[PDB]
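Source file: protein_30.cif (mmCIF, C-alpha atoms (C1' of nucleotides); chains and numbers go by the auth columns)
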data_structure
loop_
_atom_site.group_PDB
_atom_site.id
_atom_site.type_symbol
_atom_site.label_atom_id
_atom_site.label_comp_id
_atom_site.label_asym_id
_atom_site.label_seq_id
_atom_site.Cartn_x
_atom_site.Cartn_y
_atom_site.Cartn_z
_atom_site.B_iso_or_equiv
_atom_site.auth_seq_id
_atom_site.auth_asym_id
ATOM 1 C CA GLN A 1 36.737 12.187 -18.584 0.00 17 A
ATOM 2 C CA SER A 2 33.506 10.277 -19.209 0.00 18 A
ATOM 3 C CA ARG A 3 30.451 10.595 -16.966 0.00 19 A
ATOM 4 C CA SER A 4 30.993 7.050 -15.643 0.00 20 A
ATOM 5 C CA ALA A 5 34.288 8.134 -14.038 0.00 21 A
ATOM 6 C CA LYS A 6 34.152 11.941 -13.740 0.00 22 A
ATOM 7 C CA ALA A 7 33.149 11.683 -10.073 0.00 23 A
ATOM 8 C CA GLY A 8 35.851 9.111 -9.277 0.00 24 A
ATOM 9 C CA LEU A 9 33.418 6.263 -8.602 0.00 25 A
ATOM 10 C CA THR A 10 32.998 2.584 -9.491 0.00 26 A
ATOM 11 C CA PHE A 11 29.479 1.917 -10.792 0.00 27 A
ATOM 12 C CA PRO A 12 28.590 3.191 -14.284 0.00 28 A
ATOM 13 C CA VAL A 13 26.340 6.217 -14.708 0.00 29 A
ATOM 14 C CA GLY A 14 25.473 5.721 -18.372 0.00 30 A
ATOM 15 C CA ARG A 15 24.124 2.237 -17.621 0.00 31 A
ATOM 16 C CA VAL A 16 21.556 3.376 -15.047 0.00 32 A
ATOM 17 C CA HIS A 17 20.793 6.461 -17.164 0.00 33 A
ATOM 18 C CA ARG A 18 20.052 4.202 -20.139 0.00 34 A
ATOM 19 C CA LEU A 19 17.930 1.990 -17.886 0.00 35 A
ATOM 20 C CA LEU A 20 15.832 4.934 -16.683 0.00 36 A
ATOM 21 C CA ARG A 21 15.732 6.586 -20.125 0.00 37 A
ATOM 22 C CA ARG A 22 14.005 3.568 -21.681 0.00 38 A
ATOM 23 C CA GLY A 23 12.367 2.362 -18.460 0.00 39 A
ATOM 24 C CA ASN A 24 9.836 5.239 -18.697 0.00 40 A
ATOM 25 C CA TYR A 25 10.103 6.590 -15.163 0.00 41 A
ATOM 26 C CA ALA A 26 9.489 10.307 -15.840 0.00 42 A
ATOM 27 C CA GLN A 27 9.272 12.950 -18.546 0.00 43 A
ATOM 28 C CA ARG A 28 12.680 14.496 -17.788 0.00 44 A
ATOM 29 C CA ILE A 29 15.716 13.636 -15.663 0.00 45 A
ATOM 30 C CA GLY A 30 17.997 15.766 -13.529 0.00 46 A
ATOM 31 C CA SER A 31 21.750 15.478 -13.891 0.00 47 A
ATOM 32 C CA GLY A 32 22.354 14.682 -10.215 0.00 48 A
ATOM 33 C CA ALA A 33 19.945 11.743 -10.052 0.00 49 A
ATOM 34 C CA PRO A 34 21.971 9.095 -12.014 0.00 50 A
ATOM 35 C CA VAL A 35 25.176 9.874 -10.104 0.00 51 A
ATOM 36 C CA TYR A 36 23.119 9.865 -6.891 0.00 52 A
ATOM 37 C CA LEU A 37 21.849 6.378 -7.792 0.00 53 A
ATOM 38 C CA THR A 38 25.481 5.500 -8.571 0.00 54 A
ATOM 39 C CA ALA A 39 26.600 6.641 -5.103 0.00 55 A
ATOM 40 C CA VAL A 40 23.752 4.935 -3.219 0.00 56 A
ATOM 41 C CA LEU A 41 24.111 1.561 -4.940 0.00 57 A
ATOM 42 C CA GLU A 42 27.919 1.609 -4.746 0.00 58 A
ATOM 43 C CA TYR A 43 27.767 2.389 -1.018 0.00 59 A
ATOM 44 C CA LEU A 44 25.291 -0.449 -0.446 0.00 60 A
ATOM 45 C CA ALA A 45 27.516 -2.747 -2.520 0.00 61 A
ATOM 46 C CA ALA A 46 30.648 -1.689 -0.612 0.00 62 A
ATOM 47 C CA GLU A 47 28.953 -2.195 2.769 0.00 63 A
ATOM 48 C CA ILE A 48 27.671 -5.667 1.910 0.00 64 A
ATOM 49 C CA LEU A 49 31.053 -6.503 0.350 0.00 65 A
ATOM 50 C CA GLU A 50 32.894 -5.454 3.519 0.00 66 A
ATOM 51 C CA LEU A 51 30.476 -7.608 5.515 0.00 67 A
ATOM 52 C CA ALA A 52 31.029 -10.450 3.023 0.00 68 A
ATOM 53 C CA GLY A 53 34.787 -10.147 3.484 0.00 69 A
ATOM 54 C "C1'" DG B 1 46.525 -11.891 -22.395 0.00 1 B
ATOM 55 C "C1'" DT B 2 43.927 -10.309 -26.683 0.00 2 B
ATOM 56 C "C1'" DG B 3 40.365 -8.266 -29.010 0.00 3 B
ATOM 57 C "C1'" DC B 4 36.660 -5.849 -32.259 0.00 4 B
ATOM 58 C "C1'" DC B 5 31.584 -4.149 -31.819 0.00 5 B
ATOM 59 C "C1'" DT B 6 28.873 -0.324 -29.776 0.00 6 B
ATOM 60 C "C1'" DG B 7 26.905 2.094 -25.971 0.00 7 B
ATOM 61 C "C1'" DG B 8 28.954 6.189 -23.963 0.00 8 B
ATOM 62 C "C1'" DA B 9 30.345 11.265 -24.156 0.00 9 B
ATOM 63 C "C1'" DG B 10 29.151 15.668 -25.638 0.00 10 B
ATOM 64 C "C1'" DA B 11 28.180 20.507 -27.770 0.00 11 B
ATOM 65 C "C1'" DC B 12 24.259 23.409 -30.254 0.00 12 B
ATOM 66 C "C1'" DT B 13 19.313 24.649 -30.893 0.00 13 B
ATOM 67 C "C1'" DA B 14 14.109 24.649 -29.647 0.00 14 B
ATOM 68 C "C1'" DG B 15 11.288 24.209 -25.719 0.00 15 B
ATOM 69 C "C1'" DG B 16 9.062 23.143 -21.359 0.00 16 B
ATOM 70 C "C1'" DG B 17 9.621 23.202 -15.667 0.00 17 B
ATOM 71 C "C1'" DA B 18 11.625 26.288 -11.140 0.00 18 B
ATOM 72 C "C1'" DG B 19 11.273 29.626 -7.387 0.00 19 B
ATOM 73 C "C1'" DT B 20 11.022 34.111 -6.533 0.00 20 B
ATOM 74 C "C1'" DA B 21 7.296 38.779 -6.149 0.00 21 B
ATOM 75 C "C1'" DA B 22 2.294 38.749 -4.650 0.00 22 B
ATOM 76 C "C1'" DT B 23 -1.857 38.235 -2.102 0.00 23 B
ATOM 77 C "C1'" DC B 24 -5.791 35.887 -0.299 0.00 24 B
ATOM 78 C "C1'" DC B 25 -7.088 33.320 3.367 0.00 25 B
ATOM 79 C "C1'" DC B 26 -8.519 29.272 5.866 0.00 26 B
ATOM 80 C "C1'" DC B 27 -6.917 26.513 9.156 0.00 27 B
ATOM 81 C "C1'" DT B 28 -4.622 26.310 13.102 0.00 28 B
ATOM 82 C "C1'" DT B 29 -2.384 27.053 17.336 0.00 29 B
ATOM 83 C "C1'" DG B 30 -3.045 29.181 22.176 0.00 30 B
ATOM 84 C "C1'" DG B 31 -5.833 30.192 26.126 0.00 31 B
ATOM 85 C "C1'" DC B 32 -10.413 31.054 29.533 0.00 32 B
ATOM 86 C "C1'" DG B 33 -14.732 28.707 31.869 0.00 33 B
ATOM 87 C "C1'" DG B 34 -17.777 24.719 32.888 0.00 34 B
ATOM 88 C "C1'" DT B 35 -19.365 20.519 33.445 0.00 35 B
ATOM 89 C "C1'" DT B 36 -19.081 16.011 33.214 0.00 36 B
ATOM 90 C "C1'" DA B 37 -17.994 11.503 32.014 0.00 37 B
ATOM 91 C "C1'" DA B 38 -13.929 9.267 32.503 0.00 38 B
ATOM 92 C "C1'" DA B 39 -9.419 8.476 35.059 0.00 39 B
ATOM 93 C "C1'" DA B 40 -7.469 7.265 39.496 0.00 40 B
ATOM 94 C "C1'" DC B 41 -7.023 5.374 44.667 0.00 41 B
ATOM 95 C "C1'" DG B 42 -8.401 1.698 47.454 0.00 42 B
ATOM 96 C "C1'" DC B 43 -10.465 -2.807 49.327 0.00 43 B
ATOM 97 C "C1'" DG B 44 -12.237 -7.505 49.770 0.00 44 B
ATOM 98 C "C1'" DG B 45 -11.986 -11.615 46.897 0.00 45 B
ATOM 99 C "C1'" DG B 46 -12.496 -15.710 44.075 0.00 46 B
ATOM 100 C "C1'" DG B 47 -11.685 -17.478 40.095 0.00 47 B
ATOM 101 C "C1'" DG B 48 -8.064 -18.322 37.206 0.00 48 B
ATOM 102 C "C1'" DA B 49 -2.739 -18.863 36.788 0.00 49 B
ATOM 103 C "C1'" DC B 50 0.603 -22.234 38.451 0.00 50 B
ATOM 104 C "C1'" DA B 51 3.392 -26.326 40.757 0.00 51 B
ATOM 105 C "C1'" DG B 52 3.102 -31.221 41.111 0.00 52 B
ATOM 106 C "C1'" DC B 53 1.684 -35.943 40.486 0.00 53 B
ATOM 107 C "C1'" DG B 54 -0.350 -40.607 37.547 0.00 54 B
ATOM 108 C "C1'" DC B 55 0.342 -42.579 33.558 0.00 55 B
ATOM 109 C "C1'" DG B 56 1.090 -44.651 29.266 0.00 56 B
ATOM 110 C "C1'" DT B 57 2.394 -44.166 24.860 0.00 57 B
ATOM 111 C "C1'" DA B 58 4.653 -42.980 21.200 0.00 58 B
ATOM 112 C "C1'" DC B 59 8.188 -41.268 19.494 0.00 59 B
ATOM 113 C "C1'" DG B 60 14.040 -41.479 20.522 0.00 60 B
ATOM 114 C "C1'" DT B 61 16.956 -45.185 18.816 0.00 61 B
ATOM 115 C "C1'" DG B 62 18.449 -49.372 16.619 0.00 62 B
ATOM 116 C "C1'" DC B 63 18.157 -53.136 13.269 0.00 63 B
ATOM 117 C "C1'" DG B 64 16.780 -56.395 8.622 0.00 64 B
ATOM 118 C "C1'" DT B 65 15.092 -55.146 4.253 0.00 65 B
ATOM 119 C "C1'" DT B 66 13.692 -53.375 0.018 0.00 66 B
ATOM 120 C "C1'" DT B 67 13.334 -49.523 -2.965 0.00 67 B
ATOM 121 C "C1'" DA B 68 13.413 -46.435 -5.688 0.00 68 B
ATOM 122 C "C1'" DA B 69 17.065 -43.742 -6.855 0.00 69 B
ATOM 123 C "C1'" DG B 70 21.361 -41.332 -7.896 0.00 70 B
ATOM 124 C "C1'" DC B 71 25.631 -40.784 -11.087 0.00 71 B
ATOM 125 C "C1'" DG B 72 27.025 -41.196 -15.920 0.00 72 B
ATOM 126 C "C1'" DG B 73 25.842 -41.622 -21.610 0.00 73 B
ATOM 127 C "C1'" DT B 74 23.541 -40.609 -25.394 0.00 74 B
ATOM 128 C "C1'" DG B 75 20.158 -40.469 -28.998 0.00 75 B
ATOM 129 C "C1'" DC B 76 15.045 -38.624 -29.470 0.00 76 B
ATOM 130 C "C1'" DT B 77 12.408 -35.019 -29.400 0.00 77 B
ATOM 131 C "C1'" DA B 78 10.586 -30.765 -29.662 0.00 78 B
ATOM 132 C "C1'" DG B 79 10.909 -25.930 -27.784 0.00 79 B
ATOM 133 C "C1'" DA B 80 13.726 -21.125 -27.705 0.00 80 B
ATOM 134 C "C1'" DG B 81 16.243 -16.919 -30.731 0.00 81 B
ATOM 135 C "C1'" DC B 82 17.289 -13.705 -35.195 0.00 82 B
ATOM 136 C "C1'" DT B 83 17.537 -11.782 -39.027 0.00 83 B
ATOM 137 C "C1'" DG B 84 14.045 -9.899 -43.387 0.00 84 B
ATOM 138 C "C1'" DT B 85 9.363 -8.143 -44.656 0.00 85 B
ATOM 139 C "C1'" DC B 86 5.619 -6.421 -44.502 0.00 86 B
ATOM 140 C "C1'" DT B 87 1.481 -4.421 -42.079 0.00 87 B
ATOM 141 C "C1'" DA B 88 -0.954 -1.949 -38.949 0.00 88 B
ATOM 142 C "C1'" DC B 89 -0.807 1.562 -35.189 0.00 89 B
ATOM 143 C "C1'" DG B 90 -1.148 4.674 -31.507 0.00 90 B
ATOM 144 C "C1'" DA B 91 -0.020 9.694 -31.021 0.00 91 B
ATOM 145 C "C1'" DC B 92 -0.080 15.698 -32.393 0.00 92 B
ATOM 146 C "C1'" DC B 93 -2.169 19.887 -32.640 0.00 93 B
ATOM 147 C "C1'" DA B 94 -6.911 22.239 -33.235 0.00 94 B
ATOM 148 C "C1'" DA B 95 -12.277 23.385 -33.596 0.00 95 B
ATOM 149 C "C1'" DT B 96 -16.310 22.085 -31.270 0.00 96 B
ATOM 150 C "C1'" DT B 97 -18.839 20.434 -27.334 0.00 97 B
ATOM 151 C "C1'" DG B 98 -19.616 18.357 -22.605 0.00 98 B
ATOM 152 C "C1'" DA B 99 -20.443 16.853 -18.156 0.00 99 B
ATOM 153 C "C1'" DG B 100 -19.210 16.805 -13.580 0.00 100 B
ATOM 154 C "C1'" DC B 101 -17.882 20.707 -9.803 0.00 101 B
ATOM 155 C "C1'" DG B 102 -19.152 25.580 -7.047 0.00 102 B
ATOM 156 C "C1'" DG B 103 -22.636 26.980 -4.764 0.00 103 B
ATOM 157 C "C1'" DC B 104 -27.521 27.204 -4.389 0.00 104 B
ATOM 158 C "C1'" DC B 105 -32.488 25.434 -3.077 0.00 105 B
ATOM 159 C "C1'" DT B 106 -36.141 21.205 -1.671 0.00 106 B
ATOM 160 C "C1'" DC B 107 -37.824 16.855 0.810 0.00 107 B
ATOM 161 C "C1'" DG B 108 -38.344 13.587 5.058 0.00 108 B
ATOM 162 C "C1'" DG B 109 -37.811 10.327 8.801 0.00 109 B
ATOM 163 C "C1'" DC B 110 -36.365 11.149 13.776 0.00 110 B
ATOM 164 C "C1'" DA B 111 -37.036 13.341 18.098 0.00 111 B
ATOM 165 C "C1'" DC B 112 -39.664 16.649 20.614 0.00 112 B
ATOM 166 C "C1'" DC B 113 -44.241 18.625 21.588 0.00 113 B
ATOM 167 C "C1'" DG B 114 -49.623 19.027 22.230 0.00 114 B
ATOM 168 C "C1'" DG B 115 -54.843 17.005 22.057 0.00 115 B
ATOM 169 C "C1'" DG B 116 -58.698 12.739 22.411 0.00 116 B
ATOM 170 C "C1'" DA B 117 -59.861 9.143 24.985 0.00 117 B
ATOM 171 C "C1'" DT B 118 -59.221 6.701 29.258 0.00 118 B
ATOM 172 C "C1'" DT B 119 -58.538 6.269 34.254 0.00 119 B
ATOM 173 C "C1'" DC B 120 -58.236 8.068 38.858 0.00 120 B
ATOM 174 C "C1'" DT B 121 -60.479 11.545 43.094 0.00 121 B
ATOM 175 C "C1'" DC B 122 -63.134 14.326 44.642 0.00 122 B
ATOM 176 C "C1'" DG B 123 -67.345 16.767 44.734 0.00 123 B
ATOM 177 C "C1'" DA B 124 -72.411 17.373 43.861 0.00 124 B
#

Kindly present the structure from the file in structure tokens form.
Amino acid sequence: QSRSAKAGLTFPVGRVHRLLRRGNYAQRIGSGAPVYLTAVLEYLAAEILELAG
DNA sequence: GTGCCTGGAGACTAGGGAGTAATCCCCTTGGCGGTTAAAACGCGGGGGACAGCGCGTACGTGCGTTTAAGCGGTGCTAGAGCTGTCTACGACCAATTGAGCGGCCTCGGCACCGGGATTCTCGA
């Protein structure tokens, strides 16, 4: 399974990893940080979508 | 529904951060006395918060009128991408030097301390 769906989530991981890789935010990057961004933004999106419903 | 272009996924090899030994070690947290300037209790008050009245006016509301102004068309016009093509163009590791920090020593106005001249009391 790809990294965008290995954790069973909704938001893509490769998209935010490509955004930080060329956005020049650090020298290196840990493996847990893009999926952590994935989890935080998908939880914020799900909460505001439940409130929108 | 249907679909082709392309970022996404991923293992192997150099190559630079992580937290666990290690040890100073400086800052801090905790308490004892004192003494003192600030915090607290109270008491009369008077000056400022607050209710009410006079009023008048100017906006709440309504009506004739203009007044741009909105919806729809379409050419005129001139500003936004994208692929070639070439030039600059800022970084990589290394010898040499440098210039601002670690810790040291010198001035200098401010506050405290003593004499010269002046004024006050008594004595001669």

Taking a cut-off of 12 Å and counting only C-alpha atoms (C1' of nucleotides), can you build a table that, for each residue of chain A near chain B, reports the nearest atom pair and how far apart they are in Å (one decimal), sorted by chain then residue number, as JSON lines?
{"residue": "A:17", "atom": "CA", "partner": "B:9", "partner_atom": "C1'", "distance": 8.5}
{"residue": "A:18", "atom": "CA", "partner": "B:9", "partner_atom": "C1'", "distance": 6.0}
{"residue": "A:19", "atom": "CA", "partner": "B:9", "partner_atom": "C1'", "distance": 7.2}
{"residue": "A:20", "atom": "CA", "partner": "B:8", "partner_atom": "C1'", "distance": 8.6}
{"residue": "A:21", "atom": "CA", "partner": "B:9", "partner_atom": "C1'", "distance": 11.3}
{"residue": "A:22", "atom": "CA", "partner": "B:9", "partner_atom": "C1'", "distance": 11.1}
{"residue": "A:28", "atom": "CA", "partner": "B:8", "partner_atom": "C1'", "distance": 10.1}
{"residue": "A:29", "atom": "CA", "partner": "B:8", "partner_atom": "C1'", "distance": 9.6}
{"residue": "A:30", "atom": "CA", "partner": "B:8", "partner_atom": "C1'", "distance": 6.6}
{"residue": "A:31", "atom": "CA", "partner": "B:7", "partner_atom": "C1'", "distance": 8.8}
{"residue": "A:32", "atom": "CA", "partner": "B:8", "partner_atom": "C1'", "distance": 11.9}
{"residue": "A:33", "atom": "CA", "partner": "B:8", "partner_atom": "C1'", "distance": 10.6}
{"residue": "A:34", "atom": "CA", "partner": "B:7", "partner_atom": "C1'", "distance": 9.2}
{"residue": "A:43", "atom": "CA", "partner": "B:16", "partner_atom": "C1'", "distance": 10.6}
{"residue": "A:44", "atom": "CA", "partner": "B:17", "partner_atom": "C1'", "distance": 9.5}
{"residue": "A:45", "atom": "CA", "partner": "B:17", "partner_atom": "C1'", "distance": 11.3}
{"residue": "A:46", "atom": "CA", "partner": "B:17", "partner_atom": "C1'", "distance": 11.4}

Nearest candidate to residue 50 of chain A (options A:38, A:69, A:64, A:27; using only C-alpha atoms)
A:27

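Picture a line from atom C1' of residue 15 of chain B to atom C1' of residue 89 of chain B; it runs 27.4 Å.
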